[PDB]
Amino acid sequence: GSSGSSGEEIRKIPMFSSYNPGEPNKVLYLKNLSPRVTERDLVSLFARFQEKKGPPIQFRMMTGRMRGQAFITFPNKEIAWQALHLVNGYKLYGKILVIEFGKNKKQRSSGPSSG
């Protein structure tokens, strides 16, 4: 009975990579936050960016039937992403924070602009 058996949970996945962020956007979607977590935490988490070049960073906390989620709006997608990959999986209050990217919704198909 020599070594050999390996991967009880993993069905030999080509890449046992955790969740995927996808495309980098300006709006981020943070989840896995303990009922204790508050805006303050978010601020400090992405505070270094606040001062960084670019308009003040906006933070939003969700408190619906199911708490443990929040959204942060950065000056642009570039900055937003950077912060994500940086704070990707930040253990807080014994919780694995999961940062994601928003999406494009409620858009208009008009444009009076001229050239």
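Per the deposited record, the coordinates in this entry were obtained by solution NMR.

Observations concerning the layout of surface pockets
Counted as a void, the largest pocket has a volume near 180 Å³. The wall of the largest pocket is formed by 13 residues, among which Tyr19, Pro21, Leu84, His85 and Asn88 lie closest to the centre. By residue number, the principal contributor to the lining of the largest pocket is helix α3 (residues 77–86), which donates three residues. Among the residues forming the lining of the largest pocket, the class breakdown is eight nonpolar, five polar and no charged.

Considering the pairing of strand β1 (residues 27–31)
Residues of β1 alternate between two faces, with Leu28 and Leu30 buried on one and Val27, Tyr29 and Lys31 left unburied on the opposite face. In the sheet, β1 pairs with strand β3 (residues 69–73) via five bridges, with the strands oriented antiparallel. Pairing of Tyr29 across the sheet is with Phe71, part of β3. With four bridges joining them, β1 and strand β4 (residues 98–101) adopt antiparallel strand pairing. Opposite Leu28, over in β4, you have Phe101 as the bridge partner.

Side note on α3
Considered for burial, the residues of α3 that qualify are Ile79, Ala80, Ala83 and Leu84. For α3, the angular spread of the buried residues around the axis is 140 degrees, confining them to a single face. When the buried face of α3 is taken as reference, the exposed residues oriented beyond 90 degrees from it are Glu78, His85 and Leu86.

Some points on the packing of aromatic side chains
Note on aromatic pairs: each is described by the distance of the centres and the angle between the planes. Under the counting rule described, the total for this entry stands at four aromatic pairs. Residues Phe46 and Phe74 carry aromatic rings whose centres are separated by 5.7 Å and whose planes lie at 85 degrees to one another, so their mutual orientation is edge-to-face. Remark: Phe74 occurs in the loop between β3 and α3 and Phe46 occurs in the loop between α1 (39–45) and α2 (47–51); sequence separation between them is 28 residues. Residues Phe46 and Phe74 agree in their burial class; the two are buried. For the pair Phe49 and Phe74, a centre-to-centre distance of 5.7 Å together with 90 degrees between the ring planes defines the contact as edge-to-face. With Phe49 in helix α2 and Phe74 in the loop between β3 and α3, this pair connects stretches of sequence that are 25 residues apart. This pair shows no difference in class: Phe49 is buried, exactly as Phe74 is. Among the aromatic residues, those joined into a ring-pair cluster are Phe46, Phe49 and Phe74.

What counts, and at which threshold
Residues numbered from 1 in each chain as written, not as in the entry; some residues may be left out. Heavy atoms only, no water. 1 Å grid on protein atoms, 1.4 Å probe; cavity = no way out; pocket = protein on both sides within 12 Å on 5 of 7 lines; lining within 4 Å. Points joined across faces, edges and corners; volume = space filled by probe spheres on them. Helix = DSSP H or I, 4+ residues; strand = E, 2+ residues; numbered from the N terminus. Nonpolar A, V, L, I, M, F, W, Y, C, P; charged D, E, K, R; others polar. Buried < 20%, exposed > 50% of the residue type's maximum accessible area, 1.4 Å probe, protein only. Pairing = 2+ DSSP bridges. Arc of directions from axis to C-beta. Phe/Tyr/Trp six-rings, centres within 6.5 Å; stacked < 30°, edge-to-face > 60°.

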